[PDB]
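Just the one chain here, laid out as structure tokens, in the form deposited in one PDB entry.
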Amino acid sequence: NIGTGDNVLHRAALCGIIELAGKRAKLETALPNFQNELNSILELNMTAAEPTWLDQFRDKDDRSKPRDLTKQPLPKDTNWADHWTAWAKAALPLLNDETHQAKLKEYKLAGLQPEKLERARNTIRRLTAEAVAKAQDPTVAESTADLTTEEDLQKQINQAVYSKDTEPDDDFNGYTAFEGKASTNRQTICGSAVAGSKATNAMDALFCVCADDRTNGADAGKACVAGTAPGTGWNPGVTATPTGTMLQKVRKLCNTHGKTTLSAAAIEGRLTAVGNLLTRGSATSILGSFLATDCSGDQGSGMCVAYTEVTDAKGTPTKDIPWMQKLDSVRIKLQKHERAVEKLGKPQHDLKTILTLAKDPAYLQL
């Protein structure tokens, strides 16, 4: 008969899921950003150009004024179109003369014989082209699209665990177990060899596997604990829906006091842990200790939860069990993100080196 500690293995696997919820999942990565460097290189290119070129960006009416594209349109073969928005962004601070003087000495390029400036201007244009050729590689924006945020991943984890965007408090305010569809008795709520459960998320599955009730409190109700039962007082025959005080007495079995560095292989190992413990039967798969008939909490029956999406003839948990599929989505986004962050580090290092050399007057006069 199912007694004390007989569900420690299933509790450990499920708690590996519950501990990821809340704000406890951390991305802990460096968003690669080379836009400031690029915008500065482009400013250096415009700062070092000939005034004739910058005068193409002034307004014919007023000097320190953006060229009104409606007033002075662009030529035909000019190809200046579409590059104007990037150029004007670099030219807008330099339309003022005082700033242009300031940027000249900031970039350490003011006060040189024309030949020296000619030499520096040529390399900077070449350098600026190399920086643009990398920043505009179609691999970028591809990787940038595959970037996620810590908050988007946290919301998905809390949806897979609680079906909410945030982890409920210790009273589970704004939370109702089993979507409010618990009905008759624990076997109807938690499932059987012929029927699925009413638990759609991870937390309610954990309650089906670990909660004690008024009947098993001295035997099967200690399957996830050691010396003292959870003491939920759950009486599903009378009141089916567990109250928040009961849910918290089961969640406290899981580590809700730490943090986890979000890795894709970390999610994979936790989902694999849960999925491999499902025992595949003719009509359902069972997670937890099961002896006979159903998941009623009876010490001769089972302390478990049942799913109809996975059987000994079909089903992959991370694809067909909804809450597991949601967490597998988080793993997939973590993968795309980790590959994107890595791929965007190469142009970031290149553009930093371009900017560093462009501000070395010695390297420019070689």
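Counting begins at 1, following the sequence as shown.
Stretch comparison (200-208 versus 119-127) by mean CA B-factor in the PDB entry places 119-127 on top. Comparing 314-322 with 25-33, the stretch with the higher mean C-alpha B-factor in the PDB entry is 25-33. Going by the entry's values, 98 shows the largest Cα B-factor out of 98, 213, 169, 294.
When the C-alpha B-factors of 188, 158, 78, 260 are read from the PDB record, the largest value belongs to 78. Annotation for residue 114: C-alpha temperature factor in the highest third relative to the rest of the modelled chain, per the entry. Ranked by C-alpha B-factor against the other modelled residues of its chain, residue 230 falls in the lowest third. Among the modelled residues of its chain, residue 301 has a C-alpha B-factor that falls in the lowest third according to the deposited record. Ranked by Cα temperature factor within the chain, residue 181 sits in the middle third according to the deposited record. Split the chain's modelled residues into thirds by C-alpha temperature factor. Residue 138 is in the highest one.
The same protein also has a form deposited in another entry, omitted here; what follows describes it.
Splitting the chain into two rigid parts between this form and the one not shown separates residue 111 from residue 167.
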